Every structure is written in C-alpha cells, then in structure tokens.
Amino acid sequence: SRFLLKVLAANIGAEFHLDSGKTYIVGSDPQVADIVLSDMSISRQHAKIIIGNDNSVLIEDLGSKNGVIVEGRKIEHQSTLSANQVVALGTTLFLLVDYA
C-alpha cells in the first residue's frame, strides 16, 4: 500500500509519497529536513516519520520546540500514526493518506 503526506494548512497543498522502509524528517531547515516547511513555529528538525516495511507508520518527536500533536494529544516520545490522522507541528497541519 501507498502512503502520502499531505500538508493541510502555511505550505497548504504539498503532497509527498513516503516510501515503505524509509524515514523522513519534517522541519523548517532544508539542510536537515527531508520535508521542509517554512513556518517559524516548526523546529529546524521537528518530527520523524518512519514507514515500516509492513504498512505501519511511526512518528517521533525530535526535541521540537512546540511538540508533535496527533488528533489533539501531545506525543510523549514516539507513537503509531494511522492513515487519516491529523498531525499538528506548530501551526502547520498534515496527515497521511493511504491508497490500499
């Protein structure tokens, strides 16, 4: 199955295929991040998204200033991220879609 990260709102519209078995860093600094979002409230490197080889996703906070919020809850280090779940980084919103 095929995951994509879509930015909802900031850098609205952006969509990126996140490969199975790969890790992607989301942040504001293009020298350290793979998905670069220009919003001041996003850490240089903020969150890491790990796509396991078996249709599972993990998200991780990289010592971000403002934290990583999934569906209203601030994750305490690293958690499961499911298709269709809103993630908030600073004032930026995104989610994963899955084409199964």
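Counting begins at 1, following the sequence as shown.
(message) I'd like the number of residues from the deposited sequence that lie between residue 9 and residue 10 yet are not in the model, binned as none, 1 to 3, 4 to 9, or 10 or more.
(response) Gap between residue 9 and residue 10: 1 to 3 residues without coordinates.
(message) Tell me which stretch, 43-51 or 70-78, has the higher mean Cα B-factor listed in the entry.
(response) Higher of the two, by average CA B-factor, is 70-78.
(request) Using the entry's values, work out which of 56, 64, 28, 31 has the largest Cα B factor. (result) Of 56, 64, 28, 31, 56 has the highest C-alpha B-factor.
(request) Comparing against every modelled residue in the chain, figure out the third that the C-alpha B-factor of residue 14 lands in (lowest, middle or highest). (result) It falls in the top third of the chain.
(request) Looking at the entry's B-factor column for C-alpha atoms only, identify whether residue 89 ranks in the lowest, middle or highest third of its chain. (result) Within its chain, residue 89 is a middle-third residue by C-alpha B-factor, going by the deposited values.
(request) Would you check the entry's CA temperature factor for residue 36 and let me know if it's in the chain's lowest, middle or highest third? (result) As the PDB entry reports it, the C-alpha B-factor of residue 36 lands in the middle third of its chain.
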